[PDB]
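First come two forms of one protein chain, each written alone as structure tokens, so that there is a structure 1 and a structure 2.
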Structure 1
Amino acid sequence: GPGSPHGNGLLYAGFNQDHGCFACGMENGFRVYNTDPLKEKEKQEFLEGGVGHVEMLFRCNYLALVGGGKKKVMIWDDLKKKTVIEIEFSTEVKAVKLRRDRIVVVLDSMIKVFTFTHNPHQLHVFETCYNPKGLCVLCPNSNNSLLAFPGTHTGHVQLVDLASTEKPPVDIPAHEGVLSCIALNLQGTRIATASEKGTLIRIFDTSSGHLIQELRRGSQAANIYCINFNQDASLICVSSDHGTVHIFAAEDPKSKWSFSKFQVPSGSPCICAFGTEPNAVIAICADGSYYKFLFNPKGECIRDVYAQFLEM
């Protein structure tokens, strides 16, 4: 009985590519929500072993699930409502990423890439640094198969084009310190990264590896928990493990510092993404609380929605 941090069964929460849905991995299965307006869309509460990581690929009606036991990847067919592919590993799976034609499995010190077939065939293995958080982004766009992940050298990001594997990877010396957070924009053209120091968020071009914007979260260290771009990557939001969410101008900004910030009253970690409307940010906490805040560059953030999403 390892339980859950909040005693509510929630082991994992994450957004899909455009943040219109989020999924929770629970001790008894998984749950999927429409993000905004908040709506429960699927609840599986009778999956033995639970689910500790959930990846969504609704465009193909699939999810990828990591069993609570951490050694099985299960491809869930969301029309059939069942697992149709299982891959077992001899080490703990930290994350899984999907696109239409690839299953990407993130282990502690390597990333394995498979075909998305009834019998997955391993195509590539990329060594990483130790990667306990399972950092890895995979663009699902038809015309952008970017895979990016922490390189073996501390602070570096490796960028691979799964569509053109013979071209050499791009090696970004993103930070001096251990990487803690990596995020991809919706177009797959920009990645944002933070080290465990968490004072500076850096945005890089995914073709050249060049640094395009550095943002300052603060002068003191923080544990960065989530980063996400808005729809056109004109803004990013950044959350800490204390539940503070900063909103930055990402492109030729007035300031390197955030122009708006809010903090969820639990003081606990949240994931964050922009809502359906461009002046709103969604924050979701493992304690089961959902928040939608409005923002204005010259005003305080105000709370538009509060909900306990595990009560639908």
Structure 2
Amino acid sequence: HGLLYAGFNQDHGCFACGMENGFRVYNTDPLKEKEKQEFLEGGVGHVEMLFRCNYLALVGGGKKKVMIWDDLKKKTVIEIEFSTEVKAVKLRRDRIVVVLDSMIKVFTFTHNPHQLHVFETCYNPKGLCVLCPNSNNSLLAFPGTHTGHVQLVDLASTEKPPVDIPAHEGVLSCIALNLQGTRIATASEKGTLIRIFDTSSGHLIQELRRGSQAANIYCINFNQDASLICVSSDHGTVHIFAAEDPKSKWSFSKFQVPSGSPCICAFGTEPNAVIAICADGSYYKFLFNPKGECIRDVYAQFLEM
């Protein structure tokens, strides 16, 4: 397969793949291969995009070196190395955020980056972190040291005290930020309850339940208007909830990818579309009706295009 990583960009319109020979960048909806820059030897385990520009953040095989790659110039322009392993990298026009197993470091997007802030987190081997790219919102959210709590920080007005949200009681397994940067979704390791909070307040906007059996949550994502939300769990299972109606606690739709491989989920071009990128190189598009039933159903192998 060669697939080591897959992740959506900030508008979920594109998704990039880290491969053992290099990286690939795809268009989410419709599916199309935009770029495949092989010959990058090392094995890319994390790719971060800054919308549809030319800069990509790549984490090598050793996971100790963050490399910014200018696809226009076809070369590495910035290289930040770390003594510990890099778990994730988040990008924005003026800041480069690097996720470590114990802390979050914010650098500048200059030729020689300048570490601006250091935030402490709990043990974060998943690399949980979200960063609003919107120009009017430089919000950064990461697991706090309090097991189950989320800490929010405005990267612009850093002097303001952070926001400690007592989200869950166990170890956090997934976090998600809406496109507008105003609402955040949380999930514990039990994976039975999903909670959405306000990033500017810190109150439970809505709590949703996916099932009774404990499952490990993989990916969570809002839509544009933050009215719907899709949650992926084990065996490629995706639940689609409604977020702006307290009269709904369950998911109005639920599907499974044909291969049953775990996947990441995000909404597509059509307002009733949900895209699922599975670990086995599978692409799955799901169209639902207002009641939740399936209408169309597209499946393909994106790594073979």
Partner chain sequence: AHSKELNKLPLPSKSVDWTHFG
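By rigid core we mean the largest C-alpha set that fits within 1.5 Å across both forms. Residue numbering: sequential along structure 1, first residue numbered 1.
- The form deposited with the partner chain bound corresponds to structure 2; structure 1 is the other form.
- Core-superposed comparison between structures 1 and 2: the C-alpha position of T276 differs by less than 2 Å.
- Put the two forms on the same core and the Cα of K39 is off by less than 2 Å between structures 1 and 2.
- Taking the core as the reference frame, the CA atom of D241 shifts 2.3 angstrom between structures 1 and 2.
- Here the rigid core is superposed, and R303 then shows its C-alpha moved by 4.5 angstrom between structures 1 and 2.
- Here the two forms are laid over each other by their core, and the C-alpha of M110 is off by 0.3 Å between structures 1 and 2.
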